[PDB]
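Undergrad: Below: one structure in structure tokens.
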Amino acid sequence: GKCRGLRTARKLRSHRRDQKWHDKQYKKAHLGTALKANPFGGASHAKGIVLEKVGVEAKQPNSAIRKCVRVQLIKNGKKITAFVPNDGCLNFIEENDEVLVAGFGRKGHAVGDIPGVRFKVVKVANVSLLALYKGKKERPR
Amino acid sequence: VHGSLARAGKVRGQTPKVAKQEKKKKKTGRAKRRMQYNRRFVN
Amino acid sequence: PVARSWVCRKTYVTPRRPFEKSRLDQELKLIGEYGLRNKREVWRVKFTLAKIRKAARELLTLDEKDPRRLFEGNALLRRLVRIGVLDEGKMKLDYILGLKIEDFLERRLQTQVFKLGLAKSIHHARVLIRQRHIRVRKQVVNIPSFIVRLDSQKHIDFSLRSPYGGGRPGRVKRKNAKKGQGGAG
Amino acid sequence: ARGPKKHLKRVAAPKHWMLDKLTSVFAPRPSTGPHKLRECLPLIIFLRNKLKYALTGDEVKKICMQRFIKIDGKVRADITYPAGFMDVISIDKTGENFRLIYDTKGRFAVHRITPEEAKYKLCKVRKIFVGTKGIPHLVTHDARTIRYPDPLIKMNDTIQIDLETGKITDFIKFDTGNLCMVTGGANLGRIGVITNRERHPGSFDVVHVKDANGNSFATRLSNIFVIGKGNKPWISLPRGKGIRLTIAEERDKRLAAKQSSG
Amino acid sequence: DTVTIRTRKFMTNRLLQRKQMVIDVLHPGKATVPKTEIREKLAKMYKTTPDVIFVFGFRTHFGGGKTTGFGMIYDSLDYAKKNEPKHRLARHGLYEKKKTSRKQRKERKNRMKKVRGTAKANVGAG
RNA sequence: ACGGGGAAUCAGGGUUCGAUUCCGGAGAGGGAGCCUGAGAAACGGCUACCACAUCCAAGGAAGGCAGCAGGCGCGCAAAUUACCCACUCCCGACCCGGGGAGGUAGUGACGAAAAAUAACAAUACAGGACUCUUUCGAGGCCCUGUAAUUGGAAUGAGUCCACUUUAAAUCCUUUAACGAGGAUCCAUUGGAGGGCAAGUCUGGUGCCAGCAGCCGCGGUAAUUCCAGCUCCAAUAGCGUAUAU
């Protein structure tokens, strides 16, 4: 059930150079089409303005209306949905605001009740969203 | 959206706004570990 | 093209399992007994004891009567006996594996000041060295992580400038005499 | 990339110069004298660190220019003049004379010698080179093209030149029963009798050597340098006599003298 | 006084005609006695003038004890004018340098390039 | 994807990374050609062409910051248009001039080593080895949890003169004059359902707000949300995002 020979080092090698492609944890990270469809250019964060403010429901077991934002990036000009993670911190978000967006916490997947949103908002017009909540900073009006 | 986005921070904003009391400065330093060792293994 | 020697490296190891209720419980039993500050003061010792056995083990893999083992091991044994953790004549490059954490902890200056009088509590000795009162046979040192060699084991006394030493009082006593003079008469 | 190199950086420079890492970036680049880089010793480093007569380049700058330094009989005037094997150097103001031969690890140990040994030197040959007009010619380690030698001079030999007019006197042939010191390579600076030269037509001719201490080693013919006849060296040797000691044995010597001179 | 100068690593630089040494101060707790006094005391131990003694680089140790510094002892006042580097000399002051600036000079030689060729054009302007 | 010396991770194998200060190669916006010179197909040298461009009397002239500082644009994202040639060596007709190569400064929580925020005592509570009573009662050498600075000693943070450091100053180091009573000199970042250390505590909210990496909590007693109190993790660091 193996090669195991002593002049076979090439076949053990051109087999594993072939069967690595079926490890989806490796096919994604080593094929140019996986990163291309990423709205980020592989970056950690990406700035971009806010072009509306919309809410999205939750999955079947538990009901709610998660609040979100329709952020358009400036890097690629794409359009993505960004969750606004905080308690009632949709009062500081406004149209044409240039918010900073980060990965949601599952390396390119949804999390929990939120359907189809993989992005959360960390800053809002160059002030930290945590700072606005706890009050340390203040967004000038 | 069906009718949403009207309520946001409904709970944070109607909870009572109670104030805090600052009495003892429990600085960590190292007497913390002196007494944090002396909560467990003194009894 | 700068001079700037950039050689540095960590000296502590983060435990693989963060919460165990038995590693946390026990490590305090070390900090509490020996008057440390934070877990780094313990893991740093775990690292030196890890290295000194990751080095001792490699020699044990090598057979005896060997050019590199016999010298490095004798040299390896030389520092341990010199530092105050192993008995002379208890050197065979095997009891090294029989060492435990506390043996490097017992030899620090902070603990050593406590055992040779010079203080009332193991914590009190620690504040003294940081107030620059204790001199290791010639020089006042304020480093409670000093690891004392055998020569410096019996040469530890108070300084010559300290208020506890043969010097003038500190600021507290000097000021009280002046403040007290108007206080009483 | 476009021509010669005129900046030698730090310990990228040869290791036997005994240099630091935090003396900035560069190192003195020898002036392309009578020896390769990887065998020489800049005259500047012989006056700051090996001797510690001076402090900086400047105090070395003013010494060599004041025309006190004497190398091979005629004074030099460049800060970085390459030194090399079997070179004699003299300091007339203080009154010492140095020999500059390799140690048992390879460091160009400081070696003070008598004025009698400060007259001559020992130089190996590289090719007997009969040239125009039927004139026999030689070449030596320090690029001395000597005309008109003793015809018996063939190869790998050692010559003795008075250091006023060259003019080889008292040569010793390469044989398989004579002392020889190894120069260059990992074996740098050991001494022993040859006892063999196993030829290899078309490659490096490997020369074994047995030491008077009973030990043995081997090198290639290039690294061999003959320094006397029989078991008698023409030159006095430093402490250790160029006899390699294992790091275990060298450890013993360190511990014994401890607390016995300071 | 209690300065208590001590000497180590002494060498007589005949090829420079000076003295090379290490000065080892032992101050029982003071302000690391200045270069003036140590130059004063060292002469009495060496039987010479305080004009010829020059010291450099006192780096005190920890704990207010032994303090180490270097010094060199020449023979002539002339000899210090060619064997001692300049900054070590004005440190007490017998030779103020040419120092005016660098960029002020550097700008000058460059703007000289635009008018170079005529002595009047060069020296007259600036 | 500049290659290599190397780097992170690890039981034995390995997997990933290497623009990055050392060695070697290519280049000065894209290409091509060439003079001087031993050594350039050099661009802080010339010649054209192309794109972008700066003065103009409209006739013409000049340039290449992928050098050190700077600003623009780009972005998730990267320093002050500061000092001099003293150590580093290099260049030159030369112990003597020049060096934004380099050093020195400033910014600097990328990162790494040591290390403050309390120590002591009597106080009155509090335990048990000790003390004596089978037993109650006791008085004492101790460990401490808490509260009064009750009280005298020790100190570094900070100011500030002088010395020391160094071309010139800068910080550490050394001796000054001051400089601690609880908010003085006020410690955080994340949690308390499970994994995973720690509240079946109180007020609010009512499948709402929201939390939650995952299993899941929220419809009147929420151990999970928002807060208060108490405790827990790491401690000048600690969460978040992505690559690994």
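Chains as they are written, first to last, in the deposited numbering: chain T3, 2 to 142; chain s3, 2 to 44; chain d3, 2 to 186; chain j3, 2 to 263; chain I5, 3 to 128.
Ideal placement from N, C-alpha and C gives every residue a C-beta, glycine not left out.
1) Which word fits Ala-2 (chain j3), buried or exposed, when buried means at least 16 other C-beta atoms lie within 10 angstroms of its C-beta?
2) Counting only beta-carbon atoms, is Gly-65 (chain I5) nearer than 8 Å to chain d3?
3) Just to check my reading of the structure: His-156 (chain d3) and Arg-138 (chain d3) have Cβ atoms closer than 8 Å, yes? What is that Cβ distance to the nearest angstrom?
4) Count the CB pairs spanning the segment 73-92 of chain j3 and the segment 34-48 of chain j3 that are closer than 8 Å, and state whether there are at least three.
5) Would you say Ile-66 (chain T3) reaches chain s3, if we count a Cβ-Cβ gap shorter than 8 Å as a contact?
6) Which of the three DSSP states is assigned to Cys-181 (chain j3) in this structure?
7) Let me check understanding here. Comparing Cα to Cα, which of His-112 (chain j3), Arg-191 (chain j3), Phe-226 (chain j3) lies closest to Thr-159 (chain j3)?
8) For the segment 24-40 of chain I5 against the segment 56-72 of chain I5, are there 3 or more C-beta pairs whose distance is under 8 Å?
9) Do you know whose CA, among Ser-15 (chain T3), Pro-141 (chain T3), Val-57 (chain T3), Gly-113 (chain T3), lies nearest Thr-82 (chain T3)'s CA?
10) Locate the beta strand (DSSP E) running through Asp-158 (chain d3), then write down its first and last residues.
11) Give a yes or no on whether 8 Å exceeds the smallest Cβ distance from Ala-4 (chain d3) to chain j3.
12) Would a check of beta-carbon distances place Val-149 (chain d3) closer than 8 Å to chain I5?
13) Give me the Cα-Cα distance between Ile-75 (chain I5) and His-8 (chain j3), rounded to the nearest whole angstrom.
14) Quick one: list the residues of chain s3 neighbouring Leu-29 (chain d3), beta-carbon separation under 9 Å, in chain order.
15) Would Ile-136 (chain j3) be called buried (16 or more neighbouring beta carbons within 10 Å of its own) or exposed?
16) Along the chain, where does the alpha helix (DSSP H) that runs through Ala-103 (chain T3) open and close?
17) Just grab the DSSP bridge partners of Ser-32 (chain j3) for me.
18) By how many angstroms is the C-alpha of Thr-57 (chain j3) removed from the C-alpha of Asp-152 (chain d3)?
19) Below 6 Å CB to CB, which residues in the same chain sit around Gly-74 (chain d3) once its five sequence neighbours on both sides are set aside?
20) At the level of alpha carbons, what is the spacing between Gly-66 (chain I5) and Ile-228 (chain j3)?
21) By how many angstroms is the C-alpha of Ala-132 (chain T3) removed from the C-alpha of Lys-28 (chain s3)?
22) I'd like to know if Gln-140 (chain d3) contacts chain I5, where contact means its C-beta is closer than 8 Å to some C-beta of that chain.
23) By the criterion of Cβ-Cβ separation under 9 Å, what are the contact partners of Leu-20 (chain j3) in chain d3?
24) Under 8 Å, with one C-beta from each stretch per pair, do the segment 15-32 of chain d3 and the segment 49-59 of chain d3 reach the 3-pair mark?
25) If we define contact as Cβ-Cβ less than 8 Å, is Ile-46 (chain j3) a contact residue for chain d3?
26) Check the Cβ-Cβ distances between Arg-38 (chain d3) and every residue of chain s3, and say whether any is below 8 Å.
27) For the beta strand (DSSP E) containing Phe-99 (chain j3), name the first residue and the last one.
28) Shortest alpha-carbon distance to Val-61 (chain j3) belongs to which of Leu-48 (chain j3), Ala-28 (chain j3), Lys-71 (chain j3)?
29) Answer with buried or exposed for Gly-190 (chain j3), where buried requires no fewer than 16 other C-beta atoms within 10 angstroms of its C-beta.
30) Helix, strand or coil: which one does DSSP assign to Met-13 (chain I5)?
31) Using a Cβ cut-off of 8 Å, pull out every chain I5 residue sitting near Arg-136 (chain d3), in sequence order please.
32) Quick one: grab the DSSP three-state call for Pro-234 (chain j3).
33) What is the residue span of the beta strand (DSSP E) that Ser-15 (chain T3) lies within?
34) Using a threshold of 8 Å, state whether the C-beta atoms of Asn-216 (chain j3) and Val-183 (chain j3) are closer than that.
35) Determine contact between the segment 39-55 of chain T3 and the segment 64-80 of chain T3, defined as no fewer than three beta-carbon pairs at a distance below 8 Å.
36) Mind pulling the chain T3 residues with CB within less than 7 Å of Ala-20 (chain s3)?
TA: According to the data block:
1) exposed
2) yes
3) 3 Å
4) yes
5) yes
6) strand
7) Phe-226 (chain j3)
8) yes
9) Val-57 (chain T3)
10) 157-159
11) yes
12) no
13) 35 Å
14) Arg-34, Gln-37, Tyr-38, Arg-41, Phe-42
15) exposed
16) Unbroken run through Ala-103 (chain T3) is the beta strand (DSSP E), 100-104; no alpha helix (DSSP H).
17) Partner(s): none; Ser-32 (chain j3) has no beta bridge.
18) 39 Å
19) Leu-60, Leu-94
20) 56 Å
21) 24 Å
22) yes
23) Neighbours of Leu-20 (chain j3) on chain d3: none; closest Cβ ~12 Å, over 9 Å.
24) no
25) no
26) yes
27) 97-99
28) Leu-48 (chain j3)
29) buried
30) strand
31) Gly-65
32) strand
33) Premise fails: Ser-15 (chain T3) lies in the alpha helix (DSSP H), 12-20, not in any beta strand (DSSP E).
34) no
35) yes
36) The premise fails here: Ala-20 (chain s3) is roughly 14 Å from chain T3 at the closest Cβ pair, so nothing lies under 7 Å.
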